[PDB]
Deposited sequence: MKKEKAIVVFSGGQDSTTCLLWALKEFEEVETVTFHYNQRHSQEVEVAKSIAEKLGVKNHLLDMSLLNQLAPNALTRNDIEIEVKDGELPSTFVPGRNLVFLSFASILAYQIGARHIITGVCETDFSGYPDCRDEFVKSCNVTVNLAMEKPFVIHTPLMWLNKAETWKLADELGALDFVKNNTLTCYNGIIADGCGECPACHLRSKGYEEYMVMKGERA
């Protein structure tokens, strides 16, 4: 029960993490990363969803990161972009006075794997002489288990209706086409059968 910063995006996962963090700590603030798009539906939904439950939100533009993109160095993939996110989130946690850094990451990409988040935690700590603790509450949970959690927090429906998962700005049960939707839906259904 101290101060916590949640890397928030408004998706099923970061939202569940926030709800989670809200019950674990006294103070909880959020951070949303955008690539120069205060107007994006994702950044907006997130700000909405944040309001809905107190918690200050901080926006951060990470478009400078795109300098490292292949095209800019003369493909749009930039490796270890999660290193930077957690790096920044921890610089922020420092200023804002939080010791805890919640994130929805969960092993795919090497910088989403559990050992990387651990090495990263050590690094930020040495970088700033602060006992920072990075929490990855969804690390060993699958989609259906992520719903299961939300539900154990009593926010199943909140999450179901407000978060943005679809790859087309369509809130909740988006297009019902894209991967995201299928994965989110199959997870939901899988959790319902294990009712």
query: Missing stretches, numbered from 1 on the deposited chain sequence and kept in order; finding: 1 to 2, 77 to 90, 124 to 127, 216 to 219
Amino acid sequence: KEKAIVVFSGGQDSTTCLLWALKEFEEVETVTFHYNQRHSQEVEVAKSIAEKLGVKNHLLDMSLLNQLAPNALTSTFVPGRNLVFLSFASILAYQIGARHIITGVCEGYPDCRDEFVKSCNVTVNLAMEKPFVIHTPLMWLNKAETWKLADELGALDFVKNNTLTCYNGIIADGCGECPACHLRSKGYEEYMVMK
From here on, numbers count along this sequence of modelled residues.
{"item": "Per the entry, higher mean C-alpha B factor between 121 to 129 and 75 to 83", "value": "75 to 83"}
{"item": "Higher-B stretch (mean Cα B-factor, as the entry records it), 11 to 19 or 171 to 179", "value": "171 to 179"}
{"item": "Out of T146, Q37, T30, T136, highest CA B-factor residue", "value": "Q37"}
{"item": "Modelled-residue ranking by C-alpha temperature factor, third containing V43", "value": "highest"}
{"item": "Record-listed C-alpha B factor of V105: chain third", "value": "highest"}
{"item": "Cα B factor band for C166 (lowest, middle or highest third within the chain)", "value": "highest"}
{"item": "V6 CA temperature factor, ranked by third within the chain", "value": "lowest"}
{"item": "Entry-reported Cα temperature factor of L156, expressed as the chain third it lands in", "value": "lowest"}
